[PDB]
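Q: So the protein lines, in turn, are chains A and D. In terms of the authors' numbering, the first sequence is residues -137 to 1, 4 to 204. Each residue of the second sequence is one higher than the one before, starting from -137 at the first, in the authors' numbering. First the structure, which I've put down as structure tokens, then a few questions once you've had a look.
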Amino acid sequence: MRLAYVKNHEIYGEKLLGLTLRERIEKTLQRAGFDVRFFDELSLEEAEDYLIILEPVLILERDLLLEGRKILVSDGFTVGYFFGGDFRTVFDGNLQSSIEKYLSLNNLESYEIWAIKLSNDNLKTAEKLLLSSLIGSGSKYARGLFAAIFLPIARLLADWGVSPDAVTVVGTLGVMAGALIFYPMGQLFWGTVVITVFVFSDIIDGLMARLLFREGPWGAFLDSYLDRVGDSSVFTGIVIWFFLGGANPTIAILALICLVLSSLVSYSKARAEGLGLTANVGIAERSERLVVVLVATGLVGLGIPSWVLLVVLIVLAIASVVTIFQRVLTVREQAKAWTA
Amino acid sequence: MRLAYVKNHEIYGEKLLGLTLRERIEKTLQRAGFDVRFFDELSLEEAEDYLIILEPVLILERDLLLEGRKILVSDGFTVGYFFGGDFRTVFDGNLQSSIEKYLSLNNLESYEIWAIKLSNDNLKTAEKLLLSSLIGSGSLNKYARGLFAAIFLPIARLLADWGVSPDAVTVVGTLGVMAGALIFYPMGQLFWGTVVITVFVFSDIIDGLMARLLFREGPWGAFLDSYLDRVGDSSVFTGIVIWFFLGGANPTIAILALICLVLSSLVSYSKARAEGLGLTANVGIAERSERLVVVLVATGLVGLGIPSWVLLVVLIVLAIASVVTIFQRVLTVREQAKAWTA
Ligand SMILES: [Mg+2]
Ligand SMILES: [Mg+2]
Ligand SMILES: [Mg+2]
Ligand SMILES: [Mg+2]
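Here it is as structure tokens:
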């Protein structure tokens, strides 16, 4: 059993991005496999590991792995100590004496972590940093600019108490509204701007789920599922429009083939992960495919010749096919390697 | 190291459903984590576990779990003995004496297994039983089940003798379905397309049987079956959609087919992704073969000239069933996740 004692502070009560700093550090430490005890004055319990944080601190590092005794530091600051169970036979109720004694007794290296010391003045800074910590793998210059463009939305939704599931669902309904209503009507441009607007909700729900500590398998599932639904709806709309009012059967056929191939490309990865093996490899990514399809469709909606769309649909189809082939090949390799 | 000694016989060399009985028992014992030694006369080696099979026997039980010393029996028959390492200090070179002495020394309980004693006369029977043990059929009458196994015995024999792999069967079958769906249907031949698809559809059951029979049960097999099954169904709906959007001149049917295509993809993806996440969802009102049956029968009927609204109705009902299936799966995985946090 691992125990972590954190000292109470005045600033731990402040609310940051929907949680308090106290609950946030507590849940953070919980993610590290520690049972958290808040203390004004320490009463030690029998256990194996002891992680002692004194000064108020915001830990920005996502995965913290603590193995063996050591000292926790950020930019010259000492944020906390990690002592083993032996320290229970040391601590006499005086802090510095027991610390310096355990340090004279034990030789410990220094471990670098991503953290910021809390102060009343730098809270804004802390918030900014916290926002920056959520990112990746993202777009690195572009990533920095990126955090800047999606930071206010995440901040706003976090402050209003909006859940990420709500965001995912609303976004998908928006995409469905653009794809299944405007497109069959023959409005390709406005449909495209609606879809494009409500598509970034995937990245939004990821930031909010990460920010609010909710995460989980359900979260991952929902993002993936609704993402699939979204793409399928987009292609469905294209297919419908060009089969009827668009009066272009060949585009409609290519779009339909792309719909099916998309479903199959997603299903390959999903089913593979289901068998316990893995396949992340493919040339075609959801956002890139989305981008080319949306840009082409929008262009055609502004009057660009439809053969551009024909070409892009051909290329996307072929890319989906070779991606499928790649995935099937690597899962084959994995299986045959697993049997041996 | 675990050792299993099986005594050599004249009939072990005979080939049954593509393998010899000898290789079959050896590979069976290999699946149990045993190193197999075939012997005309026993030479014992130092080891931990000793599994001794004397009489020629075809073991029909799939998973055999052996923990601790015990006696192996099938329907009153005693098929073999399981002795520990101590038996190395017993065997003096006589078989019967050391076995009966060790049986007099040690009290071992009796474990029931599914197996059949080999004889020259009953070979046909054995073949039948093995076949019957390998094939599943969902919700089939025991008469219907017997009949079904009876109709696939010649097929299994033929494919086993010709050297055809189960992968070959799955792929060929899927190509057949695709040939029916993406060629005949867009041409406007719904009936013949339907008969092509219906003919090449049973290949799923065939590849399951062959993969089980030839002992290739691995993760690759499951992957390939699932994937090509998805490809097949998607191709079927794709064909329907294409035909009815252009020459079939029925936009509402085409739309219903497209919606069903998407919902099908989503219903499958739900299960695949759920399993990927480590949770499970086997629950839904709709099963693949039943859906296949109603769709194919309706489409074929329309292809023989029956009015297309029948197909419209069946597509609506199938759509709704897919939707509620989606609800069940999403709801239960939600329940599981929320239950997992608690
Ligand atoms: Mg998302
Ligand atoms: Mg996503
Ligand atoms: Mg099969
Ligand atoms: Mg199958």
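Every residue, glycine too, gets a C-beta built ideally from N, C-alpha and C.
At a cut-off of 8 Å, would you count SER88/A as near ligand 2, judging by its Cβ distance to the nearest heavy atom?
A: The answer is yes for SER88/A.
Q: Are the beta-carbon atoms of residue 210/D and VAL195/D separated by less than 9 Å?
A: Nothing about residue 210/D can be read from this structure; chain D reaches only from -137 to 204.
Q: Taking the alpha helix (DSSP H) that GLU(-26)/A belongs to, which residues open and close that run?
A: That residue, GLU(-26)/A, is in no alpha helix (DSSP H); its beta strand (DSSP E) goes -28 to -26.
Q: Quick check: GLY55/D and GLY101/D, are their CB atoms within less than 9 Å of each other?
A: Their beta carbons are under 9 Å apart, which means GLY55/D touches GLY101/D by this criterion.
Q: Does the Cβ of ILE(-3)/A lie closer than 8 Å to at least one heavy atom of ligand 1?
A: Every heavy atom of ligand 1 is 8 Å or more from the Cβ of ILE(-3)/A, so no.
Q: Pairs of beta-carbons, one from the region 69 to 78 of chain D and one from the region 27 to 42 of chain D, closer than 8 Å: are there three or more?
A: Yes: at least three Cβ pairs fall under 8 Å.
Q: Pick helix, strand or coil for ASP(-89)/A, following the three-state DSSP scheme.
A: Strand.
Q: Please specify which runs of the beta strand (DSSP E), each continuous and at least 3 residues long, are wholly inside the region -73 to -1 of chain D, giving them in chain order.
A: Within the region -73 to -1 of chain D, the complete beta strand (DSSP E) runs of at least 3 residues are -68 to -64, -61 to -55, -28 to -26, -23 to -21.
Q: What I want to know is whether the C-beta of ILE59/A ends up closer than 8 Å to one or more non-hydrogen atoms of ligand 1.
A: Every heavy atom of ligand 1 is 8 Å or more from the Cβ of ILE59/A, so no.
Q: Please report whether the beta-carbon of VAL129/D lies at a distance below 9 Å from any beta-carbon of chain A.
A: No, its Cβ sits nowhere closer than 9 Å to a Cβ of chain A.
Q: On the DSSP bridge list, what partners appear for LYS(-123)/D?
A: For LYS(-123)/D, which the question treats as bridged, DSSP gives the partners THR(-118)/D.
Q: What are the start and end residues of the beta strand (DSSP E) that includes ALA111/D?
A: Where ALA111/D is concerned, there is no enclosing beta strand (DSSP E), given that its DSSP letter is neither H nor E.
Q: Nearest-angstrom Cα distance between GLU(-128)/A and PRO(-82)/A?
A: Each residue's alpha carbon lies about 9 Å from the other.
Q: Pick helix, strand or coil for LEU(-80)/A, following the three-state DSSP scheme.
A: Note: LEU(-80)/A maps to strand in three-state DSSP.
Q: With 9 Å as the threshold, decide whether the Cβ of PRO113/A is near any Cβ in chain D.
A: Judged by the 9 Å Cβ criterion, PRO113/A is in contact with chain D.
Q: Take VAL192/D as the anchor and find which of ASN144/D, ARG92/D, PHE99/D, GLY83/D has the nearest alpha-carbon.
A: Among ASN144/D, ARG92/D, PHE99/D, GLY83/D, the Cα nearest to that of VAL192/D belongs to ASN144/D.
Q: Please find out if some non-hydrogen atom of ligand 4 comes closer than 8 Å to the beta-carbon of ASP29/D.
A: No, since every heavy atom of ligand 4 falls outside the 8 Å radius drawn around the Cβ of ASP29/D.
Q: Beta carbon of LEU90/D, beta carbon of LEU(-119)/D: below 9 Å?
A: It is not a contact, given that the beta carbons lie outside the stated cut-off.
Q: Quick one: residues in its chain with C-beta nearer than 8 Å to the C-beta of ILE188/D, no 5 flanking neighbours on either side, listed in chain order?
A: The residues are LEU125, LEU128, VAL129, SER132.
Q: Using DSSP bridges, identify the partner residues of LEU125/D.
A: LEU125/D pairs with nothing; no bridge assigned.
Q: Could one say the Cβ of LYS133/D lies closer than 9 Å to chain A's Cβ atoms, at least one of them?
A: Yes, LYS133/D counts as interfacial toward chain A.
Q: With a Cβ-Cβ cutoff of 9 Å, do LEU108/A and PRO16/D count as a contact?
A: In this structure, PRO16/D does not lie closer than 9 Å to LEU108/A by Cβ.
Q: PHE(-99)/A: buried (16+ other C-beta within 10 angstroms of its C-beta) or exposed?
A: Counting Cβ neighbours within 10 Å, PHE(-99)/A comes out exposed, since fewer than 16 surround it.
Q: Excluding five sequence neighbours on each side, which residues of the same chain lie with their C-beta closer than 8 Å to the C-beta of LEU37/A?
A: Excluding residues within five positions, the ones whose Cβ falls inside 8 Å are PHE62.
Q: What is the DSSP secondary structure of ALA43/A, reduced to helix, strand or coil?
A: Looking at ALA43/A - three-state DSSP - the assignment turns out to be helix.
Q: Measuring alpha carbon to alpha carbon, tell me which of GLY80/A, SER(-5)/A, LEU154/A ends up nearest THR203/D.
A: Among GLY80/A, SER(-5)/A, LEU154/A, the Cα nearest to that of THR203/D belongs to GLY80/A.
Q: Does any C-beta atom of chain D lie closer than 9 Å to the C-beta of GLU(-115)/A?
A: Chain D, which has no Cβ nearer than 9 Å to the Cβ of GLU(-115)/A, makes this no.
Q: Between the alpha carbons of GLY162/D and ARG(-107)/D, how many angstroms are there, rounded?
A: Between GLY162/D and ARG(-107)/D, the C-alpha separation is close to 45 Å.
Q: Determine, for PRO(-82)/A, whether the minimum Cβ-Cβ distance to residues of chain D falls below 9 Å.
A: No, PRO(-82)/A lies away from the interface with chain D (no Cβ there is under 9 Å from its Cβ).
Q: Pick helix, strand or coil for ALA119/D, following the three-state DSSP scheme.
A: Of the three classes helix, strand and coil, the one that applies to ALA119/D here is helix, per DSSP.
Q: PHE(-56)/D and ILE(-79)/D - do their beta-carbons sit closer together than 9 Å?
A: No.
Q: When you compare only the Cα positions, how much space is there between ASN3/D and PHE46/D?
A: Going from the Cα of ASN3/D to the Cα of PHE46/D covers about 34 Å.
Q: Express the C-alpha separation of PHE53/A and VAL34/A in angstroms, rounding to a whole number.
A: Computed Cα separation, rounded: 21 Å.
Q: Residues bridged to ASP(-103)/A by DSSP?
A: Answer by DSSP bridge pairing, in chain order: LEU(-135)/A.
Q: By the three-class DSSP mapping on this structure, what secondary structure does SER65/A have?
A: Three-state result, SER65/A: helix.
Q: Please list the residues of the region -126 to -92 of chain D that have a C-beta atom closer than 7 Å to any C-beta atom in chain A, keeping them in chain order.
A: So nothing in the stretch comes that close.
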